[PDB]
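# Coordinate inspection notes
Single-letter residue listing:
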Amino acid sequence: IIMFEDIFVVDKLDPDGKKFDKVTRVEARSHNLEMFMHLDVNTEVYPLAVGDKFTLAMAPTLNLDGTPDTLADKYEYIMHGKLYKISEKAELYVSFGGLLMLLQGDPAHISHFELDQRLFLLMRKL
Amino acid sequence: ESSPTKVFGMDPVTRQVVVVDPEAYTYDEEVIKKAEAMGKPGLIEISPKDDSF
Amino acid sequence: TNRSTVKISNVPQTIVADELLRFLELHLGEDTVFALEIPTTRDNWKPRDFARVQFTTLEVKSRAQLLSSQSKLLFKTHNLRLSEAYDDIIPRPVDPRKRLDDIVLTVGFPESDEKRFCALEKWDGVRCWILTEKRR
């Protein structure tokens, strides 16, 4: 059910602030696959410091064996969004209700993603 | 001294702050702002209680 | 590790050098900061986003780097990031032993064939610095 799943390590933060009361964009580089990622995260509700390691997963649906549109107990930062731009080292542009995500990796790693589809974002900081 | 009202107290025997009369906080974000200015973001956390009035 | 100056990535635009010096002396040891310079785009009223700080001892620099790597430096809701600098603010050796103060300097030449030396002009209370990195 999970299409893409890899361990990511953050590198730097765009605001580099603790109590800025603003959405923070993170830059995390994948291990092994070595895929650069941009993601907007809220630090106040989901703290994330530099050097931390977190896992990331993407699934079309949260149900088991079909039923598109029970993985909630495993992860803790589930999001929902759609992929609108796929043109690039291919990269993906997924917006989770205005929160842009840029997953830049290799053309072979990202091959089973269609245009204008709904996908989730499963995250856990170990 | 940053709190507009007498909601926090100082204990001389322990040299630490204590909470006295918590009902007079008036939800004035002054102590939290002072803590943020001093450099401690998670020093004091105050949140309203939904089921108590 | 060759030098002692550390370049801070991001600092607030509203701060002054004195505030940053006080913050560094509070977090690190007392009076462990030698030189602190904040570049300004204008003459005296528009500082830049970064600053360069020179430490007295390499141990202080290593401790500051360790603190920065753990994101333990928070000055006015800004996370200070430490990176290596290109050139020192002041060409001063890190080792206090190489610094010689109040010594006698004289010039001359091997005037005689034997083990004799001639003094032309003698200076007192001169400062001698040995720069191994700069080879001078």
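The sections below set out a description of the structure shown in this document.

Conventions adopted
- Residues numbered from 1 in each chain as written, not as in the entry; some residues may be left out.
- Chains lettered and ligands numbered in written order.
- Part of a larger assembly, values for the part shown.
- Heavy atoms only, no water.
- Residues with missing side-chain atoms left out of burial classes, pairs and counts.
- Helix = DSSP H or I, 4+ residues; strand = E, 2+ residues; numbered from the N terminus.
- Contact = heavy atoms within 4.5 Å.
- Rg over C-alpha atoms; globule rule 2.2 N^0.38 Å.
- Pairing = 2+ DSSP bridges.
- Axes fitted to C-alpha atoms, helices over the stretch in contact; angles between N-to-C directions.
- Salt bridge = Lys/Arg side-chain N within 4 Å of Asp/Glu carboxyl O.
- Nonpolar A, V, L, I, M, F, W, Y, C, P; charged D, E, K, R; others polar.
- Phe/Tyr/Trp six-rings, centres within 6.5 Å; stacked < 30°, edge-to-face > 60°.

## Notes on the overall build of chain B
Across its full length, chain B holds 1 helix and 2 strands. Helices (α) and strands (β) of chain B occur, in sequence order from the N terminus, as β-β-α. Principal axes of the C-alpha set define a box for chain B whose edges measure 35 × 25 × 20 Å. Long-range pairs, those at least 24 residues apart, make up 18% of the contacts in chain B between residues at least 6 apart in sequence.

## Notes on the overall build of chain A
On a plain count of helices and strands, chain A comes out with 0 helices and 8 strands. Ordered by position in the sequence, the α and β elements of chain A form the string β-β-β-β-β-β-β-β. Rg of the C-alpha trace for chain A: 14 Å, near the compact-globule value of 14 Å for 126 residues, within the 12% margin. Each principal axis of the C-alpha atoms in chain A carries an extent, and together these give about 40 × 35 × 25 Å.

## Focus: unusual backbone geometry
A positive phi angle, near 55°, is found at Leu126(A), a position not held by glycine. With respect to the element layout, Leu126(A) can be found in the segment after strand 8 (118–124). A positive phi angle, close to 55°, is found at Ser71(C), a residue other than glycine.

## Considerations on the sheet that holds strand 4 (residues 82–84) of chain C
Residue and element names in this part refer to chain C. Reading across the sheet, the 4 strands line up as 2-3-1-4 and stay open at both edges, with antiparallel pairing between neighbours. Edge positions in the sheet fall to strand 2 (33–37) and strand 4, since each of these pairs with one other strand and no more. Each neighbouring strand pair of the sheet contributes to a mean axis angle of 30°, computed without reference to strand direction. Where strand 1 (residues 5–8) meets strand 3 (residues 51–55), 4 bridges bridge the pair, whose relative direction is antiparallel. Note that in strand 3 the partner of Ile 8 across the bridge is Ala 51. Across the face of the sheet, helix 1 (residues 17–27) comes into contact with strand 1, strand 2 and strand 3 while running at roughly 145° to strand 2. Contacts from helix 2 (residues 58–69) reach strand 1, strand 3 and strand 4, with the element oriented near 130° to strand 4.

## Description of the pattern of salt bridges
A salt bridge links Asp16(A) to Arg81(C), with the nearest nitrogen and oxygen atoms 3.9 Å apart. With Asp16(A) in the loop between strand 1 (4–13) and strand 2 (24–30) and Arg81(C) in the loop between helix 2 and strand 4, the pair connects residues from two separate chains. Measuring nitrogen to oxygen at the nearest pair gives 3.1 Å for the salt bridge that ties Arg52(C) to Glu37(C). Taken together, the positions of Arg52(C) in strand 3 and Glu37(C) in strand 2 put the pair 15 residues apart, joining distant regions of the chain.

## Some thoughts on the environment of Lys72(C)
Residues and elements named next belong to chain C. Tracing the backbone through its elements, the reader meets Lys 72 in the loop between helix 2 and strand 4. C-alpha of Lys 72 to C-alpha of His 27: the two residues are 45 residues apart in sequence and 9.4 Å apart in space. Not counting residues up to four positions away in its chain, the partners in contact with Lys 72 are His 27 and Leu 67.

## Re the interface of chain C and chain A
Counting from both sides, the interface comprises 8 residues of chain C and, opposite them, 8 residues of chain A. Here the side of chain C that touches chain A is built from residues that sort into 1 nonpolar, 6 polar and 1 charged.

## Quick look at the packing of aromatic side chains
An angle of 20° between the planes, with centres 6.1 Å apart, marks the rings of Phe8(A) and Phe54(A) as stacked. Placement of the pair is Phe8(A) in strand 1 and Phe54(A) in strand 4 (residues 53–58), with a sequence separation of 46 residues. Ring centres of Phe23(C) and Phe75(C) lie 4.9 Å apart, and the angle between their planes is 50°; on these two criteria the pair is classed as tilted. Of this pair, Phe23(C) sits in helix 1 while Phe75(C) sits in the loop between helix 2 and strand 4, and the two are 52 residues apart along the sequence. Among the aromatic residues, those joined into a ring-pair cluster are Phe4(A), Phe8(A) and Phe54(A).

## A closer look at the sheet that holds strand 6 (residues 91–95) of chain A
All names here are of chain A. Taken together, 8 strands build a closed barrel; the order of strands is 1-2-3-7-6-5-8-4 and the barrel is antiparallel. If you compare each strand with its neighbour and ignore which way they point, the axes differ by 35° on average. Bridge count for strand 2 against strand 3 (residues 36–41) is 6 bridges, and the pairing is antiparallel. Pairing of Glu 27 across the sheet is with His 38, part of strand 3.

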